[PDB]
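Reviewing the structure listed below.
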Amino acid sequence: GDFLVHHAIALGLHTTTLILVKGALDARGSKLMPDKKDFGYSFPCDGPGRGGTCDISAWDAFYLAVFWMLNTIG
Amino acid sequence: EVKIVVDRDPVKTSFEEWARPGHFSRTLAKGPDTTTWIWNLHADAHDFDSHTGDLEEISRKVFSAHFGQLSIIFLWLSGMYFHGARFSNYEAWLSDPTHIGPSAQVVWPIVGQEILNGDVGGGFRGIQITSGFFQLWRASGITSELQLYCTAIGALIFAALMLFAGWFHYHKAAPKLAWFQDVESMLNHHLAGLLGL
Amino acid sequence: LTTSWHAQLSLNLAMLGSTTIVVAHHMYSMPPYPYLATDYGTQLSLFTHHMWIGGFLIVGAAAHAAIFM
Amino acid sequence: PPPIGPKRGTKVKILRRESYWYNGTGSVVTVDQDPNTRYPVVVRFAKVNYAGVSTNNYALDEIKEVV
Amino acid sequence: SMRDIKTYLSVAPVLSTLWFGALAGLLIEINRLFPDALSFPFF
Amino acid sequence: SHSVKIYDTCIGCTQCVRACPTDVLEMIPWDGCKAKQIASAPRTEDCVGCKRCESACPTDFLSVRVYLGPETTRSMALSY
Amino acid sequence: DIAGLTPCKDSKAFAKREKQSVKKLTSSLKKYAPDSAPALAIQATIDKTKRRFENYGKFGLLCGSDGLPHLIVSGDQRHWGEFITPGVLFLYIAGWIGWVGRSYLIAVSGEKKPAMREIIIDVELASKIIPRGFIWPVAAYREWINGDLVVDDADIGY
Ligand code: CLA
Ligand code: CLA
Ligand code: CLA
Ligand code: CLA
Ligand code: CLA
Ligand SMILES: CCCCCCCCCCCCO[C@H]1O[C@H](CO)[C@@H](O[C@H]2O[C@H](CO)[C@@H](O)[C@H](O)[C@H]2O)[C@H](O)[C@H]1O
Ligand SMILES: CCCCCCCCCCCCO[C@H]1O[C@H](CO)[C@@H](O[C@H]2O[C@H](CO)[C@@H](O)[C@H](O)[C@H]2O)[C@H](O)[C@H]1O
């Protein structure tokens, strides 16, 4: 049982790190939004064009990561 | 006047369209550029109104699809009656309803799933049902498995009839727009012919 | 009402959905089949099932009325 | 006067950082000969971008000829 | 036609259904022949 | 009020001007493209920030850009 | 033995669990006629249970204080049948599947509209490539040696 629960905890750490790191490294821009740094850390979106751009800022990556943090600590 | 008017041989029965997914849509018939295409193909499938702006064609498609739904429902009823006739303890339940649990589903013995064949009584092991088919069948006067077999066979024949009728009333003889808009006669037939009789 | 399939669908869905809730309420209190009332699992199942079906149909009525508008 | 730009059908590589096809390849369609045109090279690509477009205009210093 | 029916039988959902049905049958028969295995005992 | 800017990759297709719901943009003569015209944004105090103009633009990357700024009665679309 | 564990062929808790399961099955068996189908099904289940316990006992598994088998995956040569050999089988099969998929994608990319061949499979072509997964470890290794497996970083782009 300890083996199984420890591998679950490892899953939590790796996924939370994925979310936060992707937020940090894509902050200045990506292929979908190559000029993101002009808009700042927190902004709502970039509109429904180009397929739709909900939750594209780095602030939103932090917002998503807090859920996984609560899951892991639980 | 209220007259039965149709068009003969509207659509040719062919396998050409089955090999061209997205044929119904002028923007989907090109083929995929992204995965989104695939999802769109399933999302716009039964939206006849967006395929064309012609009311008569929409009505004909609606009629044929309703025939298809009736065929599927008949298949479902045939399955229920056959499983009641072949894999149930209905006959034993007829002699002790308060102490025996109804059951009409049994499982094969692999990977240990046969434990699901529980002790329901009457020398029978299986899964207990809650749909209430046993009470309905008892209220209809059914006392034998042969009668259930006959009902299942009849339902299979009716399902075949509904599917063929869908094919005929779409690809062979399709009613005109004036036929569908006779609401007075439709109300008369469905109030008196269907419900009353 | 003679030129729009969506409006007809909206009205009919609303009526059928409400009727199903009526059926669920009436079948528990006046059990029509023999040996049904004392089969508690069947009674609970039938009531719950028809409640869910009626709710879904009523929601569909609003959807297709919006499509009409 | 000599015609400017690569000839039609040439394969070119994209150097514009903010472009969808950055570091990819495309085919030259035509070149505008007006000296006032700022982005005269028309390039066509096999894959569409996020807006569903498959052609774009570029300047002479944003494309490299690949042999 | 035979060409068209062979084309329709090659579409992705149909081929997936057939492939997974055959694989499921193979696995079920194997588990019926060598049941309740937790290890490889042959060598 | 929001800020709207036009960059010199414009091909003068006029789609953004047709898409705007409060008449912010307009076309003016130019010599840098084959269409001999370019967009302009002289009335940004009436911009609501909807970004339909960005949805209409065909170039890659965009030639018209909208930066949301301080909010006013006109930019919040308040009728009361 | 290893980690304070006990072989399952010498564990009292293991035998207790077997006896309890057999008794539970026999109690149900004693409700039906000897020649009825449910009785035969229960008897077959009992024989299967006894065979399972015997095979677990004589295949060299280890049992804990709870009386249940435990697996050893540290590399000890007395337990390779538990993880290492099935793992080799899993890797071989997975490599076959991946290799044939990659080869189909490479063979089909040369056409005018390759995407049309991804939603409609060319079975004639696929039936010539499927048997070649039989030697995927050799082909992949040789492809890696000659520099045909990987694309240079400079060439990657849409
Ligand atoms: C004899 C066979 C036959 C053939 C060769 C055709 C051929 C054609 N029909 Mg016709 N048709 C037939 C029978 C046939 N039809 C029948 C029996 C009916 C009555 C239901 C109709 C009703 C009908 C309509 C209303 C229309 C056509 C149309 C078409 C065209 C496109 C078909 C297509 O895309 O199919 C490929 C599509 C499918 C295979 C869809 C699946 C259909 C089944 C019945 C659904 C099953 C549901 C499933 C059981 C749900 C559970 C799934 C899972 C969860 C278990 C083509 C000319 C269309 C046309 O001409 O457009 C211009 C059109 O609008 N047909
Ligand atoms: C008294 C005559 C009569 C009867 C019994 C029916 C019966 C039916 N009609 Mg109606 N209909 C009638 C006259 C009649 N209609 C007339 C005169 C018109 C033209 C104004 C229409 C136009 C019409 C349309 C446009 C539609 C229906 C539909 C339906 C079905 C509704 C769903 C239902 O409750 O299924 C209950 C199911 C059963 C009772 C089991 C099926 C029993 C058989 C198949 C009944 C066959 C009835 C039919 C009149 C037989 C004619 C045979 C002859 C032509 C050779 C049902 C089968 C809907 C449907 O689903 O169509 C497929 C539908 O969309 N009808
Ligand atoms: C008689 C009933 C009826 C009919 C004929 C229609 C018909 C239609 N509806 Mg309406 N609708 C109905 C009931 C009905 N509706 C109800 C009850 C609701 C409320 C939930 C709605 C809500 C609704 C919406 C919100 C929309 C429609 C739309 C549509 C159109 C396209 C549907 C389509 O292509 O689906 C294609 C079908 C699928 C892609 C598959 C759906 C599968 C569902 C979501 C899940 C099924 C899960 C299953 C129960 C469990 C499986 C589990 C297992 C696999 C593990 C079509 C005109 C759409 C439209 O554009 O209309 C103009 C649309 O947006 N309908
Ligand atoms: C990652 C999750 C996972 C894992 C690792 C396992 C693992 C296992 N499960 Mg479990 N299971 C899982 C998830 C998992 N399960 C889930 C999610 C469910 C619920 C759906 C179940 C439900 C379940 C049940 C109900 C049962 C198992 C059983 C098993 C065992 C099957 C052994 C077997 O069949 O060997 C034999 C199979 C093979 C050897 C596969 C052979 C494959 C092909 C044919 C090989 C061909 C090779 C070819 C000849 C080339 C080589 C030769 C060369 C010269 C070319 C195994 C210990 C069974 C058991 O006995 O457990 C103790 C069992 O009864 N599982
Ligand atoms: C040809 C098939 C193929 C191959 C060789 C690879 C290879 C790879 N994938 Mg990819 N992948 C595939 C299909 C494939 N993928 C598909 C269909 C999907 C959609 C679900 C994905 C989704 C996916 C994700 C999300 C990720 C990868 C990743 C990876 C890498 C590590 C392995 C892994 O995590 O796999 C895991 C992949 C899966 C479990 C998806 C299922 C793969 C199926 C079974 C492949 C075969 C299906 C195909 C239809 C067969 C066609 C046969 C042909 C003869 C017609 C590796 C480069 C990981 C990565 O980036 O690592 C750096 C990663 O994060 N893949
Ligand atoms: C990345 C870094 C990885 C480091 C991995 C290090 C692994 C070191 C492994 C050393 C193994 C030495 O062997 C160790 O396990 C063997 C079982 O597997 C034991 O062997 C035992 O079982 C054998 C089974 O055939 C018998 O023949 C031996 O008589 C018996 O002693 C050795 O008595 C023990 O000393
Ligand atoms: C226990 C196991 C121990 C194993 C020890 C032996 C390891 C052998 C490693 C061989 C590596 C072969 O591949 C390694 O060299 C290739 C060139 O030869 C490289 O290939 C690269 O250069 C080639 C030209 O030389 C180009 O044609 C390729 O397109 C390019 O990818 C691979 O990108 C690199 O990964």
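Ligands are numbered from 1 in the order shown, chains are lettered A, B, ... in the order of the structure tokens, and residues start at 1 in each chain.
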Check the DSSP output for the backbone and give back, as a CSV table (one decimal) with N, CA and C atoms, in the first residue's frame, the residues of chain G in helix (DSSP H, G or I).
```csv
chain,number,residue,atom,x,y,z
G,2,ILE,N,13.2,-13.6,1.3
G,2,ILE,CA,13.4,-12.2,0.9
G,2,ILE,C,12.5,-11.3,1.6
G,3,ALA,N,13.0,-10.2,2.3
G,3,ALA,CA,12.2,-9.2,3.0
G,3,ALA,C,11.3,-9.8,4.0
G,4,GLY,N,11.7,-10.8,4.7
G,4,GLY,CA,10.9,-11.4,5.7
G,4,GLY,C,9.6,-12.1,5.2
G,8,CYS,N,4.7,-19.4,-0.5
G,8,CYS,CA,3.3,-19.6,-0.4
G,8,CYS,C,2.9,-21.1,-0.2
G,9,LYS,N,3.8,-22.0,-0.6
G,9,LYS,CA,3.6,-23.4,-0.4
G,9,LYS,C,3.8,-23.9,1.1
G,10,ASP,N,4.3,-23.0,1.9
G,10,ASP,CA,4.5,-23.3,3.3
G,10,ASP,C,3.8,-22.3,4.3
G,12,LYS,N,0.6,-20.9,6.4
G,12,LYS,CA,-0.6,-21.3,7.0
G,12,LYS,C,-1.8,-20.4,6.6
G,13,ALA,N,-1.6,-19.1,6.5
G,13,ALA,CA,-2.6,-18.2,6.1
G,13,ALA,C,-3.1,-18.4,4.7
G,14,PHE,N,-2.2,-18.8,3.8
G,14,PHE,CA,-2.6,-19.1,2.4
G,14,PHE,C,-3.5,-20.3,2.4
G,15,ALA,N,-3.2,-21.4,3.2
G,15,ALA,CA,-4.1,-22.6,3.2
G,15,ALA,C,-5.4,-22.2,3.9
G,16,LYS,N,-5.4,-21.4,4.9
G,16,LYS,CA,-6.6,-20.9,5.6
G,16,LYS,C,-7.5,-20.2,4.6
G,17,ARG,N,-6.9,-19.3,3.8
G,17,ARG,CA,-7.7,-18.6,2.8
G,17,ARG,C,-8.3,-19.6,1.7
G,18,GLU,N,-7.5,-20.6,1.3
G,18,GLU,CA,-8.0,-21.6,0.4
G,18,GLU,C,-9.2,-22.3,0.9
G,19,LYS,N,-9.1,-22.8,2.2
G,19,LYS,CA,-10.1,-23.5,2.8
G,19,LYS,C,-11.4,-22.7,3.0
G,20,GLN,N,-11.2,-21.4,3.4
G,20,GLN,CA,-12.4,-20.6,3.5
G,20,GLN,C,-13.1,-20.4,2.2
G,21,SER,N,-12.4,-20.1,1.1
G,21,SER,CA,-13.0,-20.0,-0.2
G,21,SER,C,-13.8,-21.2,-0.6
G,22,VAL,N,-13.1,-22.4,-0.4
G,22,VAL,CA,-13.8,-23.7,-0.8
G,22,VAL,C,-15.0,-23.9,0.0
G,23,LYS,N,-15.0,-23.6,1.3
G,23,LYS,CA,-16.2,-23.8,2.2
G,23,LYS,C,-17.3,-22.9,1.7
G,24,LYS,N,-16.9,-21.6,1.4
G,24,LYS,CA,-18.0,-20.7,1.0
G,24,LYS,C,-18.6,-21.2,-0.3
G,25,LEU,N,-17.8,-21.7,-1.3
G,25,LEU,CA,-18.4,-22.3,-2.5
G,25,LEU,C,-19.3,-23.5,-2.2
G,26,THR,N,-18.8,-24.4,-1.3
G,26,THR,CA,-19.6,-25.6,-1.0
G,26,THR,C,-20.9,-25.3,-0.3
G,27,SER,N,-20.9,-24.3,0.5
G,27,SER,CA,-22.2,-23.9,1.1
G,27,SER,C,-23.3,-23.6,0.0
G,28,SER,N,-22.9,-22.9,-1.0
G,28,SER,CA,-23.8,-22.6,-2.1
G,28,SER,C,-24.1,-23.8,-2.9
G,29,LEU,N,-23.1,-24.7,-3.1
G,29,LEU,CA,-23.3,-25.9,-3.8
G,29,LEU,C,-24.3,-26.8,-3.2
G,37,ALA,N,-27.5,-28.1,-13.6
G,37,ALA,CA,-26.5,-27.2,-14.2
G,37,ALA,C,-25.8,-26.3,-13.2
G,38,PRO,N,-26.6,-25.6,-12.3
G,38,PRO,CA,-25.9,-24.7,-11.3
G,38,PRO,C,-24.9,-25.5,-10.4
G,39,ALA,N,-25.2,-26.8,-10.1
G,39,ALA,CA,-24.3,-27.6,-9.3
G,39,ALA,C,-23.0,-27.9,-10.1
G,40,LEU,N,-23.1,-28.2,-11.4
G,40,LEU,CA,-21.9,-28.4,-12.2
G,40,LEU,C,-21.1,-27.2,-12.3
G,41,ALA,N,-21.7,-26.0,-12.5
G,41,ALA,CA,-21.0,-24.8,-12.6
G,41,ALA,C,-20.2,-24.5,-11.3
G,42,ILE,N,-20.9,-24.7,-10.2
G,42,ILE,CA,-20.2,-24.4,-8.9
G,42,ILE,C,-19.1,-25.4,-8.7
G,43,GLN,N,-19.2,-26.7,-9.1
G,43,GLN,CA,-18.2,-27.7,-9.0
G,43,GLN,C,-17.0,-27.3,-9.8
G,44,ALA,N,-17.3,-26.8,-11.1
G,44,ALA,CA,-16.2,-26.4,-11.9
G,44,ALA,C,-15.4,-25.2,-11.3
G,45,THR,N,-16.2,-24.3,-10.7
G,45,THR,CA,-15.5,-23.2,-10.0
G,45,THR,C,-14.6,-23.7,-8.9
G,46,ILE,N,-15.1,-24.7,-8.1
G,46,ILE,CA,-14.3,-25.2,-7.0
G,46,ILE,C,-13.0,-25.8,-7.5
G,47,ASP,N,-13.1,-26.6,-8.6
G,47,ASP,CA,-11.9,-27.2,-9.2
G,47,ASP,C,-10.9,-26.2,-9.7
G,48,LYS,N,-11.5,-25.1,-10.3
G,48,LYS,CA,-10.6,-24.0,-10.8
G,48,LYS,C,-9.9,-23.4,-9.6
G,49,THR,N,-10.6,-23.1,-8.5
G,49,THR,CA,-10.0,-22.5,-7.4
G,49,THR,C,-8.9,-23.4,-6.8
G,50,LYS,N,-9.1,-24.7,-6.7
G,50,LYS,CA,-8.0,-25.5,-6.2
G,50,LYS,C,-6.8,-25.5,-7.1
G,51,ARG,N,-7.1,-25.6,-8.4
G,51,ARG,CA,-6.0,-25.5,-9.3
G,51,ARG,C,-5.2,-24.2,-9.2
G,52,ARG,N,-5.9,-23.1,-9.1
G,52,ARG,CA,-5.2,-21.8,-8.9
G,52,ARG,C,-4.3,-21.8,-7.7
G,53,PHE,N,-4.8,-22.2,-6.6
G,53,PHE,CA,-4.0,-22.2,-5.4
G,53,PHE,C,-2.8,-23.2,-5.5
G,54,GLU,N,-3.0,-24.4,-6.1
G,54,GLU,CA,-1.9,-25.3,-6.3
G,54,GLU,C,-0.8,-24.7,-7.2
G,55,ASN,N,-1.2,-24.1,-8.3
G,55,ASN,CA,-0.2,-23.5,-9.2
G,55,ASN,C,0.5,-22.4,-8.6
G,56,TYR,N,-0.2,-21.5,-7.8
G,56,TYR,CA,0.5,-20.4,-7.1
G,56,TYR,C,1.5,-21.0,-6.1
G,57,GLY,N,1.1,-22.1,-5.4
G,57,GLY,CA,2.1,-22.7,-4.5
G,57,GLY,C,3.3,-23.3,-5.2
G,58,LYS,N,3.2,-23.9,-6.3
G,58,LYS,CA,4.3,-24.7,-6.9
G,58,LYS,C,5.0,-23.9,-7.9
G,84,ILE,N,10.4,-9.5,-15.3
G,84,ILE,CA,11.4,-9.2,-16.4
G,84,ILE,C,11.0,-9.8,-17.7
G,85,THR,N,10.7,-11.1,-17.7
G,85,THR,CA,10.3,-11.8,-19.0
G,85,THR,C,9.0,-11.3,-19.5
G,86,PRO,N,8.0,-11.1,-18.8
G,86,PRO,CA,6.8,-10.4,-19.3
G,86,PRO,C,7.1,-9.0,-19.8
G,87,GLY,N,8.0,-8.3,-19.1
G,87,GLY,CA,8.4,-7.0,-19.6
G,87,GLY,C,9.0,-7.0,-20.9
G,88,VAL,N,9.9,-8.0,-21.2
G,88,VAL,CA,10.5,-8.1,-22.5
G,88,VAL,C,9.5,-8.4,-23.5
G,89,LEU,N,8.5,-9.2,-23.2
G,89,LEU,CA,7.4,-9.5,-24.1
G,89,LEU,C,6.6,-8.2,-24.5
G,90,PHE,N,6.3,-7.4,-23.4
G,90,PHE,CA,5.6,-6.2,-23.6
G,90,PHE,C,6.3,-5.2,-24.5
G,91,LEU,N,7.6,-5.1,-24.3
G,91,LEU,CA,8.5,-4.2,-25.1
G,91,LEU,C,8.5,-4.7,-26.5
G,92,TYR,N,8.6,-6.0,-26.8
G,92,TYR,CA,8.7,-6.5,-28.1
G,92,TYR,C,7.4,-6.2,-28.9
G,93,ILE,N,6.2,-6.5,-28.2
G,93,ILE,CA,5.0,-6.2,-28.9
G,93,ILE,C,4.7,-4.7,-29.2
G,94,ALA,N,5.1,-3.9,-28.2
G,94,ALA,CA,4.9,-2.5,-28.4
G,94,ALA,C,5.8,-1.9,-29.5
G,95,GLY,N,7.0,-2.4,-29.5
G,95,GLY,CA,7.9,-2.0,-30.6
G,95,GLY,C,7.4,-2.4,-32.0
G,96,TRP,N,6.8,-3.6,-32.1
G,96,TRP,CA,6.2,-4.0,-33.3
G,96,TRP,C,5.1,-3.1,-33.8
G,97,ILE,N,4.2,-2.7,-32.8
G,97,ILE,CA,3.0,-1.9,-33.2
G,97,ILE,C,3.5,-0.5,-33.6
G,98,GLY,N,4.4,0.1,-32.8
G,98,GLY,CA,4.9,1.4,-33.1
G,98,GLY,C,5.7,1.5,-34.4
G,99,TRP,N,6.5,0.4,-34.7
G,99,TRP,CA,7.3,0.4,-35.9
G,99,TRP,C,6.4,0.3,-37.2
G,100,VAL,N,5.4,-0.6,-37.1
G,100,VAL,CA,4.5,-0.6,-38.3
G,100,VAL,C,3.8,0.6,-38.5
G,101,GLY,N,3.3,1.3,-37.4
G,101,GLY,CA,2.6,2.6,-37.6
G,101,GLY,C,3.5,3.6,-38.2
G,102,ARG,N,4.8,3.8,-37.7
G,102,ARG,CA,5.7,4.8,-38.3
G,102,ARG,C,6.0,4.5,-39.8
G,103,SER,N,6.2,3.2,-40.1
G,103,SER,CA,6.5,2.8,-41.5
G,103,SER,C,5.3,3.1,-42.4
G,104,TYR,N,4.1,2.9,-41.9
G,104,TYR,CA,2.9,3.3,-42.7
G,104,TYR,C,2.8,4.8,-42.9
G,105,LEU,N,3.1,5.5,-41.9
G,105,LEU,CA,3.0,7.0,-42.0
G,105,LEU,C,4.1,7.5,-43.0
G,106,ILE,N,5.3,6.9,-43.0
G,106,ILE,CA,6.3,7.3,-43.9
G,106,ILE,C,6.0,6.9,-45.3
G,107,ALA,N,5.5,5.7,-45.5
G,107,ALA,CA,5.2,5.2,-46.9
G,107,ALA,C,4.0,6.0,-47.5
G,108,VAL,N,3.1,6.5,-46.7
G,108,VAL,CA,1.9,7.2,-47.2
G,108,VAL,C,2.1,8.7,-47.5
G,116,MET,N,-6.1,11.9,-46.7
G,116,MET,CA,-7.2,11.0,-47.1
G,116,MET,C,-6.8,9.6,-46.8
G,117,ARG,N,-5.6,9.2,-46.8
G,117,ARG,CA,-5.2,7.9,-46.5
G,117,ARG,C,-5.0,7.6,-45.0
G,118,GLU,N,-5.3,8.6,-44.2
G,118,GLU,CA,-5.3,8.4,-42.7
G,118,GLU,C,-6.7,8.1,-42.1
G,119,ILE,N,-7.7,8.6,-42.8
G,119,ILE,CA,-9.1,8.3,-42.4
G,119,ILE,C,-9.7,7.1,-43.1
G,123,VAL,N,-5.6,-1.0,-47.2
G,123,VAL,CA,-5.3,-2.3,-46.6
G,123,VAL,C,-4.3,-3.1,-47.4
G,124,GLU,N,-4.3,-2.9,-48.8
G,124,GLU,CA,-3.3,-3.6,-49.6
G,124,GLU,C,-1.9,-3.2,-49.2
G,125,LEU,N,-1.7,-1.9,-49.0
G,125,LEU,CA,-0.4,-1.5,-48.6
G,125,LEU,C,0.0,-1.9,-47.2
G,126,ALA,N,-1.0,-1.8,-46.3
G,126,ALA,CA,-0.8,-2.2,-44.9
G,126,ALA,C,-0.5,-3.6,-44.7
G,127,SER,N,-1.0,-4.5,-45.5
G,127,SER,CA,-0.8,-5.9,-45.4
G,127,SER,C,0.6,-6.4,-45.9
G,128,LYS,N,1.3,-5.5,-46.6
G,128,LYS,CA,2.7,-5.7,-46.9
G,128,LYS,C,3.7,-5.2,-45.8
G,129,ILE,N,3.2,-4.3,-44.9
G,129,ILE,CA,4.1,-3.7,-43.9
G,129,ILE,C,3.9,-4.4,-42.6
G,130,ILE,N,2.7,-4.9,-42.3
G,130,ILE,CA,2.4,-5.6,-41.0
G,130,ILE,C,3.4,-6.7,-40.8
G,131,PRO,N,3.7,-7.6,-41.7
G,131,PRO,CA,4.6,-8.7,-41.4
G,131,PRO,C,6.1,-8.3,-41.0
G,132,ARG,N,6.4,-7.0,-41.4
G,132,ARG,CA,7.8,-6.6,-41.2
G,132,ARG,C,8.1,-6.2,-39.8
G,133,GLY,N,7.1,-6.0,-38.9
G,133,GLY,CA,7.4,-5.8,-37.5
G,133,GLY,C,8.0,-7.0,-36.8
G,134,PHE,N,8.1,-8.1,-37.5
G,134,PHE,CA,8.7,-9.3,-37.0
G,134,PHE,C,10.2,-9.1,-36.6
G,135,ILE,N,10.9,-8.2,-37.3
G,135,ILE,CA,12.3,-8.0,-37.1
G,135,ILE,C,12.5,-6.5,-36.8
G,136,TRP,N,11.6,-5.8,-36.1
G,136,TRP,CA,11.7,-4.4,-35.8
G,136,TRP,C,13.0,-4.1,-35.0
G,137,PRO,N,13.5,-4.9,-34.0
G,137,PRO,CA,14.7,-4.5,-33.3
G,137,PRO,C,15.9,-4.4,-34.2
G,138,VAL,N,16.0,-5.2,-35.3
G,138,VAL,CA,17.2,-5.1,-36.2
G,138,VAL,C,17.0,-3.9,-37.1
G,139,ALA,N,15.8,-3.7,-37.7
G,139,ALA,CA,15.6,-2.6,-38.6
G,139,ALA,C,15.8,-1.2,-37.9
G,140,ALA,N,15.2,-1.1,-36.7
G,140,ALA,CA,15.4,0.2,-36.0
G,140,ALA,C,16.8,0.5,-35.6
G,141,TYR,N,17.6,-0.6,-35.2
G,141,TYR,CA,19.0,-0.4,-34.9
G,141,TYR,C,19.8,0.0,-36.1
G,142,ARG,N,19.6,-0.6,-37.3
G,142,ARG,CA,20.3,-0.3,-38.5
G,142,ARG,C,19.9,1.1,-38.9
G,143,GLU,N,18.6,1.5,-38.8
G,143,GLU,CA,18.2,2.8,-39.2
G,143,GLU,C,18.8,3.9,-38.3
G,144,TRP,N,19.0,3.6,-37.0
G,144,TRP,CA,19.6,4.5,-36.1
G,144,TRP,C,21.1,4.7,-36.4
G,145,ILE,N,21.8,3.6,-36.8
G,145,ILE,CA,23.2,3.7,-37.2
G,145,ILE,C,23.4,4.6,-38.4
G,153,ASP,N,17.6,19.2,-35.8
G,153,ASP,CA,16.8,20.2,-35.2
G,153,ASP,C,16.6,21.4,-36.2
G,154,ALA,N,17.5,21.7,-37.1
G,154,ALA,CA,17.4,22.8,-38.0
G,154,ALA,C,16.3,22.6,-39.0
G,155,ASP,N,15.9,21.4,-39.3
G,155,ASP,CA,14.9,21.1,-40.3
G,155,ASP,C,13.5,21.0,-39.8
```
- prompt: region 30-35 of chain F: which residues within 9 Å, counting only C-alpha atoms, same-chain residues fewer than 5 positions away excluded, as a list in words?
  reply: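 Those residues are residues 32, 34, 36, 37, 38, 39 and 40 of chain D; 8, 9, 10, 11, 12 and 13 of chain F.
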- request: Return as number ranges by chain the residues belonging to chain E that are within 6 Å of chain G, counting only C-alpha atoms.
  value: E: 10-12, 39-40
Residues within 9 Å of region 17-20 of chain A, only C-alpha atoms, excluding chain neighbours under 6 positions, as a list in words: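 Here the answer would be residues 58, 61, 62, 64, 65 and 68 of chain A.
In terms of minimum interatomic distance to chain D, F:55 ranks closest within F:22, F:44, F:15, F:55, counting only C-alpha atoms.
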- request: Enumerate as a PyMOL selection string the residues belonging to chain A that approach chain D to within 7 Å, with only C-alpha atoms taken into account.
  value: chain A and resi 31+34+50-51
Export, as a PDB file, in the first residue's frame, the selected residues with C-alpha atoms.
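Written output follows (selection.pdb):
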```pdb
ATOM      1  CA  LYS A  31       2.914  29.779 -31.907  1.00  0.00           C
ATOM      2  CA  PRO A  34       3.681  35.131 -30.661  1.00  0.00           C
ATOM      3  CA  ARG A  50      -7.659  31.599 -34.551  1.00  0.00           C
ATOM      4  CA  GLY A  51      -9.708  28.778 -33.011  1.00  0.00           C
TER       5      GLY A  51
END
```
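Computed from the coordinates, the atom 47 (C, counted along the ligand's line) of ligand 3 to CA of residue 39 (chain B) distance equals 15.5 Å.
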- request: Could you report the residues within 8 Å of ligand 1, using only C-alpha atoms and all ligand atoms, as JSON, numbers by chain?
  value: {"B": [11, 12, 13, 14, 15, 16, 17, 18, 20, 21, 23, 24, 60, 61, 62, 63, 64, 65, 66, 67, 68, 72, 163, 164, 165, 166, 167, 168, 169, 170, 171]}
task: Show which residues sit within 7 Å of region 26-41 of chain C, as a ChimeraX atom specification. Count only C-alpha atoms, and ignore same-chain residues fewer than 2 positions away.
output: /B:130,135-136,139 /C:22-24,43-45
Please save N, CA and C atoms of the selected residues as a short mmCIF file (atom, residue, chain, number, x, y, z; two decimals), in the first residue's frame.
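Wrote it out as result_10.cif, contents follow:
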```cif
data_model
loop_
_atom_site.label_atom_id
_atom_site.label_comp_id
_atom_site.auth_asym_id
_atom_site.auth_seq_id
_atom_site.Cartn_x
_atom_site.Cartn_y
_atom_site.Cartn_z
N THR B 130 -35.05 -5.11 -12.53
CA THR B 130 -35.96 -4.15 -11.92
C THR B 130 -36.85 -3.45 -12.94
N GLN B 135 -44.10 -8.65 -14.11
CA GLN B 135 -45.45 -8.23 -13.74
C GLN B 135 -46.29 -7.89 -14.96
N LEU B 136 -45.70 -7.21 -15.94
CA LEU B 136 -46.43 -6.88 -17.17
C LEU B 136 -46.84 -8.14 -17.91
N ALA B 139 -49.67 -9.84 -16.12
CA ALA B 139 -50.93 -9.14 -16.33
C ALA B 139 -51.50 -9.35 -17.73
N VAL C 22 -46.05 13.20 -14.91
CA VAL C 22 -47.37 12.77 -14.43
C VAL C 22 -47.43 11.25 -14.28
N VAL C 23 -46.91 10.52 -15.28
CA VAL C 23 -46.91 9.06 -15.22
C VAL C 23 -46.14 8.57 -14.00
N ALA C 24 -44.98 9.16 -13.74
CA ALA C 24 -44.18 8.74 -12.59
C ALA C 24 -44.95 8.96 -11.28
N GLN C 43 -40.50 -0.52 -8.07
CA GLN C 43 -41.19 0.75 -7.87
C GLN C 43 -40.22 1.92 -7.86
N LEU C 44 -39.15 1.81 -7.08
CA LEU C 44 -38.16 2.88 -7.03
C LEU C 44 -37.55 3.13 -8.40
N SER C 45 -37.21 2.05 -9.12
CA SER C 45 -36.60 2.19 -10.44
C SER C 45 -37.52 2.91 -11.41
#
```
task: Name the residues, by chain letter and number, that sit within 9 Å of ligand 2 using only C-alpha atoms and all ligand atoms, and give them as JSON, numbers by chain.
output: {"B": [2, 4, 59, 60, 62, 63, 64, 65, 66, 67, 68, 69, 70, 74, 158, 161, 162, 165, 166, 179, 180, 181, 182, 183, 184, 185, 186, 187, 188, 189, 190, 191, 192, 193, 194, 195, 197]}
